[PDB]
Amino acid sequence: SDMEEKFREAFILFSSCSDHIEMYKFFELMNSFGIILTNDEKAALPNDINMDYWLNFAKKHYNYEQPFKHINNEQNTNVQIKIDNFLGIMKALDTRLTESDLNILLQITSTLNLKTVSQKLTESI
Amino acid sequence: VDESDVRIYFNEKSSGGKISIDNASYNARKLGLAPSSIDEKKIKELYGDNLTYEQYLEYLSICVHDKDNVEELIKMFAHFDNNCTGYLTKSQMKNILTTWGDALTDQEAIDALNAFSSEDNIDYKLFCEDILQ
């Protein structure tokens, strides 16, 4: 019902139901909630990541009071970016997506703000 | 299909004439029918939990599922076969059965895998063959 039952669901997806997820896919998994660690913290992580460690890491590092804090930047929050200019930042930086990019904007809806995106992503999760 | 056992299992698990859905499903599985949560809820919004033989026959038909085969079920198991070997890890196949659809607990699915084959790499093709039987 809570986050505990939702975290387990998210592991079986990124691991593709694997017991031991690959380091790179584990980072996709943490980010999907609103978890980003410091350069040092990201080295403190174990060699082989498993479900048991993932769920401990989930409790500690996930934001509960405001699930997506990392999206808020208040110079970037209040400001309105056009749909085309927003995709410009996205297409150059992108490390994941291909055509699921059009589907992210649909999850939000011309001029958008970060507090709108975070609010909609809180309902997505 | 066995017509004789249909009536026998009804009166055996009947109570005050009417039969409870839990028992109707139990009898469906006793014959060789596979009721899911979708088939179970369809009858709930009609005459209640307890329903007579008149209504029990209508539930026997919703449990038939004639259009069931090897590729009508693997739509979730092939979805997780990124390795392209056909063989799927016991544990991989396990967690699939626990999290989504019908609530099959760890022990329910765990023992079902080992009962089919002892090996870790289990083909979800040969798996459909016997559970559908």
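So, how was this worked out
Residues numbered from 1 in each chain as written, not as in the entry; some residues may be left out. Chains lettered and ligands numbered in written order. Part of a larger assembly, values for the part shown. Heavy atoms only, no water. Helix = DSSP H or I, 4+ residues; strand = E, 2+ residues; numbered from the N terminus. Buried < 20%, exposed > 50% of the residue type's maximum accessible area, 1.4 Å probe, protein only. Polar contact = N/O pair within 3.5 Å; in protein donor to acceptor, adjacent residues only side chain to side chain. Contact = heavy atoms within 4.5 Å. Domains from an automatic or database assignment. Buried area = accessible area lost by both parts, 1.4 Å probe. Salt bridge = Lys/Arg side-chain N within 4 Å of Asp/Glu carboxyl O. Nonpolar A, V, L, I, M, F, W, Y, C, P; charged D, E, K, R; others polar.

Deposited coordinates in this entry are attributed by the record to X-ray crystallography, at a stated resolution of 3.9900 Å.

The PDB entry lists chain B under the name Myosin A tail domain interacting protein, from Plasmodium falciparum. Here the PDB entry title reads "Plasmodium falciparum Myosin A full-length, pre-powerstroke state".

So, on to the side chain of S118 of chain A. Residue and element names in this part refer to chain A. Among the secondary structure elements, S118 is positioned in helix α6 (residues 114-124). Looking at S118, the relative accessible area reads 7%, which means it is buried. Within the structure, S118 has its side chain in polar contact with the backbone oxygen of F68 (distance 3.1 Å). In this structure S118 touches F68, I71 and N72, once residues within four positions along its chain are discounted.

In this section: the domain arrangement of chain B. All names here are of chain B. Each assigned domain of chain B is listed with its residue range as follows: domain 1 (1-68) and domain 2 (69-133). Here domain 1 and domain 2 have C-alpha centroids that lie 27 Å from each other. Contact with domain 1, which involves four residues of that partner, is made by five residues of domain 2. Regarding the contact of domain 1 and domain 2, the summed buried area is about 370 Å², with carbon and sulfur atoms giving 41% of it. The tally of links between domain 1 and domain 2 comes to zero salt bridges. Applying the counting criterion to the domain 1 and domain 2 interface returns zero residue pairs in polar contact. Split into classes, the residues belonging to the side of domain 1 that touches domain 2 amount to no nonpolar, two polar and two charged.

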